[PDB]
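Protein chains in written order, with the deposited numbering: chain A, 5 to 249; chain A', 5 to 199; chain B, 5 to 50. A prime marks a further copy of an entry chain.
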Amino acid sequence: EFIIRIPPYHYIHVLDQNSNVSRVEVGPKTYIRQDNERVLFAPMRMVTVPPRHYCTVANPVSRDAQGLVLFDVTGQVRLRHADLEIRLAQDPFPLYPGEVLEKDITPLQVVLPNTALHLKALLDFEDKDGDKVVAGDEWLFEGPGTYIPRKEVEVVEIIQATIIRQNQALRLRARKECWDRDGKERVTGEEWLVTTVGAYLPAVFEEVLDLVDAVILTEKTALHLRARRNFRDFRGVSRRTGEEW
Amino acid sequence: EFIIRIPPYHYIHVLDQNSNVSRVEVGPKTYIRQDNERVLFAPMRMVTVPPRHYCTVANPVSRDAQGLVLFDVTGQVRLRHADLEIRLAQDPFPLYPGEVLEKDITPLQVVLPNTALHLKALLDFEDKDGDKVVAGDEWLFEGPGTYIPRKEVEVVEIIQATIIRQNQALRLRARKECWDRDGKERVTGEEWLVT
Amino acid sequence: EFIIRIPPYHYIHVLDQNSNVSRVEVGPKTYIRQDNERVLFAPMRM
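Okay, here's the thing in structure tokens:
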């Protein structure tokens, strides 16, 4: 149990009981241990993440400007505690001591056309575009692209588009005080209708209620309407609460 | 078990336990092993892919500008991990250590007239015509030709033609915001007729 | 039987079965043999 052969693309961890500092032995080697040392476990293949895939390793090692691993003065590997890393496709890295595999190799999930991902920031951070994204903000990553996960950013759900045909309105009610595509104030609880034909993605703060189709008018027909509140109609004529036309 | 004869057009793999690096012995030979070495398995015929056929080998070896195989400093064969190769008809190549056969020799499927193949890009790549095909795009390979598979390009389905006689229209509804043969805008859900 | 420690002021002989040529390992060492090799006898004081 002193001589131990590590296949190519594998590793082990051995602890030196003089300083009680641990390390990793990587490579295609035949390994010879001392008597003061102990090998921790039986050889494990160093994990490989294919292209268009992903993994999260809890408590990543620290790095320098070149990206090299940092050790302690005692010889122990430098870690980052209660912290995670974003590991995309690369060469078969080994896991060091005190490195945990949080999520296995998983497939990067691709966003379909006419849909969007609802992503909220868990912890504050700085944005790719130069912005500061305070924790608790709401986004939409939409389009047909691929989404690369982040640590402090969590995906809440995916939202489909709703289809608006000709002569329809699709009423929307606000989750909170907000703004709208048409560029005008909305408040909590207020409702409105977005006429535009096509497919529609609601914002994070907007919600879809129901589709409302037009009433068709002829020479033998009219439409009896009552005002919910004071407003202006499409003729531009003013309407007080309650009055009918 | 020291003397071992490999028939013509075959191979084996033997591991050298000094460096623990493995290799392949190819050719019509009688092979004599050392005592430190070990032969891994009993002789296997090196696979031959006929013409108009295909195979995928997981984790292909690396190559140089001449196409020669690359080894490590330790003597181990250089590989490409979680990667695939497009192997068409050629001479009976051997499989090196750490080479897996993903799909056997299969027939190249030929596209009939008045039909088309629906092919979507799994991973981004660059196109034969000089284009950059972002992953998730949709194509049609149509006509009577033969389709040579690719690694990052996957075939979703085959679509038949529909026949339009005289005095008929054939209504079509759009999957997503798009364009049309007649060269005019369409939107999601819109319908039209192609005379 | 691969790892073998030779006390100070001793020796052993090991045969390499590739060339079938033999030699001697002298000194205060811990000795690690290959698999193709064989140690001939148990350590003897020089």
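For every residue, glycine included, the Cβ atom is placed at its ideal position computed from N, Cα and C.
Let me confirm a value: residue i is counted as buried when at least 16 other C-beta atoms fall within 10 Å, else exposed. Which label applies?
i, result
"A/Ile-10", "buried"
"B/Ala-46", "exposed"
"A'/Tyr-15", "buried"
"A'/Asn-24", "buried"
"A'/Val-198", "exposed"
"residue 4 of chain A", "Here chain A comprises residues numbered 5 to 249, so residue 4 of chain A is not present and cannot be evaluated."
"B/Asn-22", "exposed"
"A'/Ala-173", "exposed"
"A'/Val-138", "exposed"
"A/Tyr-100", "buried"
"A/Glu-210", "buried"
"A/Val-160", "exposed"
"A'/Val-73", "exposed"
"B/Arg-49", "exposed"
"A/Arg-190", "buried"
"A/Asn-118", "buried"
"A/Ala-218", "exposed"
"A/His-85", "exposed"
Quick check on the DSSP output: the beta strand (DSSP E) that includes residue i runs from which residue to which?
i, result
"A/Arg-56", "It is not in any beta strand (DSSP E) - A/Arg-56 carries neither H nor E in the DSSP assignment."
"A/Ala-120", "119-125"
"A'/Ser-26", "25-30"
"A/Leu-144", "142-146"
"A'/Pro-111", "104-111"
"B/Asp-20", "15-20"
"A/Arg-177", "175-178"
"A/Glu-194", "Neither: A/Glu-194 is in no beta strand (DSSP E) and is coded neither H nor E."
"A/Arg-9", "7-10"
"A/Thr-166", "166-168"
Could you have a look at residue i and say whether DSSP puts it in helix, strand or coil?
i, result
"A/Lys-132", "coil"
"A'/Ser-66", "coil"
"A'/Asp-39", "coil"
"A/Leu-213", "strand"
"A'/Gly-149", "coil"
"A/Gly-202", "strand"
"A'/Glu-156", "coil"
"A'/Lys-33", "strand"
"B/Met-48", "strand"
"A/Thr-78", "coil"
"A'/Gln-94", "coil"
"A/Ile-163", "strand"
"A/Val-138", "coil"
"A/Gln-172", "strand"
"A/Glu-248", "strand"
"A/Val-115", "coil"
"A/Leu-83", "strand"
"A/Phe-235", "strand"
"A/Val-208", "coil"
"A'/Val-61", "strand"
"A/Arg-230", "strand"
"A/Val-73", "strand"
"A/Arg-185", "coil"
Comparing alpha-carbon positions, which option in the options lies nearest residue i?
i, options, result
"A'/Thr-192", "A'/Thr-199, A'/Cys-182, A'/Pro-54", "A'/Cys-182"
"A'/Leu-105", "A'/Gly-79, A'/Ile-90, A'/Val-81", "A'/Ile-90"
"A/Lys-124", "A/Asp-135, A/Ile-7, A/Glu-142", "A/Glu-142"
"A'/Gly-102", "A'/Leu-197, A'/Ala-62, A'/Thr-119", "A'/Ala-62"
"A/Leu-19", "A/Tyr-58, A/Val-81, A/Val-73", "A/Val-81"
"A'/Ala-93", "A'/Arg-67, A'/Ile-152, A'/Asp-68", "A'/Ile-152"
"B/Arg-27", "B/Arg-49, B/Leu-44, B/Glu-5, B/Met-48", "B/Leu-44"
"A'/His-57", "A'/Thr-119, A'/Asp-95, A'/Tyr-13, A'/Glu-130", "A'/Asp-95"
"A/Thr-110", "A/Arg-239, A/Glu-156, A/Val-53", "A/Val-53"
"A/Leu-116", "A/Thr-222, A/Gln-70, A/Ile-163", "A/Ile-163"
"A/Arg-233", "A/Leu-227, A/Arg-243, A/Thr-225, A/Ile-8", "A/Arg-243"
"A/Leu-112", "A/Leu-229, A/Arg-154, A/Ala-178", "A/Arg-154"
"A/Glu-156", "A/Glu-195, A/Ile-8, A/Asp-87, A/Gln-70", "A/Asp-87"
"A'/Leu-127", "A/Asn-118, A/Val-65, A/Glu-146, A/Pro-55", "A/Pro-55"
"A'/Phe-129", "A'/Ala-120, A'/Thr-34, A'/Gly-140", "A'/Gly-140"
"A'/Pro-98", "A'/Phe-6, A'/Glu-194, A'/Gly-79, A'/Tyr-13", "A'/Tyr-13"
"A/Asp-214", "A/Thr-222, A/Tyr-204, A/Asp-131", "A/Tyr-204"
"A/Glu-194", "A/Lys-180, A/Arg-230, A/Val-65, A/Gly-149", "A/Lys-180"
"A/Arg-67", "A/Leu-83, A/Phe-235, A/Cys-59", "A/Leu-83"
Does the pairing of the region 235-247 of chain A with the region 30-45 of chain A' give three or more beta-carbon distances under 8 angstroms? Output reads no: the region 30-45 of chain A' does not touch the region 235-247 of chain A.
Taking one C-beta from the region 200-216 of chain A and one from the region 156-173 of chain A each time, how about it: are there three or more such pairs within less than 8 angstroms? In short, these stretches touch, since the Cβ pair count reaches three.
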